[PDB]
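Coming up is one lone chain in structure tokens, specifically the form deposited in one PDB entry.
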């Protein structure tokens, strides 16, 4: 601020910013306020990630800067009425006013709020289709934030300028989920270039972005930008493993199976245990957890098998793999019961390690 009037546009801006805050003694716990013309600009950052956002002002009597504790600011705004709220700096205090209610909060020197990074892009793309963010959404569940292998704690973005391809890859060592987007105009200095986005960053991207944004990276940070927001995250330093070297080249069998039938059957048995025995027969699939859950689905289009094929699976992994698919039916390819098996549509594939017995 300097003296602005503004709506509960504010509340919304402040909700999204909470995730980017850090310890109330720290500047990182504060949201940086800045009025330029008819816009209040809001920034929050804790080193790893950052967000810039803005709202329009109902009046701008004076331009200026400020800071305020980000959590406390939201708490106060969420208590006020759906009318205009006056924001005003008085010395080192931020004044929030509405009718007969007036609040004061202490500010840090806004020059000591850290600046958002300006990077020199090594790679840069414009995203107009939802496919990238659809792939993030679907691959996110397979990635764990706290991985023994530091590099696996995010999602991989593998740019190949030469072929116009952006490969998106997630793993936790028990499943590997991947997709490759065609026809991306990749403006990059090197031909090949990999960014690993942390999981925390990935989950924030999902809340803020879908279509019509820029993605730039310099190998250290990655900046995503649209008309409302500039977002930054640090990348995971490290080399993501070569996923293509682990994908089996050949599968002995490939079974076309009904997605929602399998989903429902796996939910059923998952009420008694997290691991499921799946038995594929020619015209039937059976699912089994002193206790027992069992259920079966018919397969009209008989499978190519003489002897029945047993397979131990984690219920939740199999479900998450099927949620990645948009087709009504899916393909399960496997070699031996103990060997990895693949799940895919009639863009996202999931390679999965089975369980024994």
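Here the rigid core means the biggest group of C-alpha atoms that line up within 1.5 Å when the two forms are laid on top of each other. Positions refer to the first chain, counted from 1.
Unshown form deposited in another entry; subsequent notes refer to it.
- Rigid core superposed between the shown form and the other one, residues 92, 190, 211, 242 considered: the one with a C-alpha shift of 2 Å or more is 92.
- Fitting the two forms on the rigid core leaves the C-alpha of residue 68 displaced by at least 2 angstroms between the shown form and the other one.
- Core-superposed comparison between the shown form and the other one: the Cα of residue 338 travels less than 2 Å.
- Comparing the forms between the shown form and the other one on their rigid core, the Cα displacement of residue 44 stays under 2 Å.
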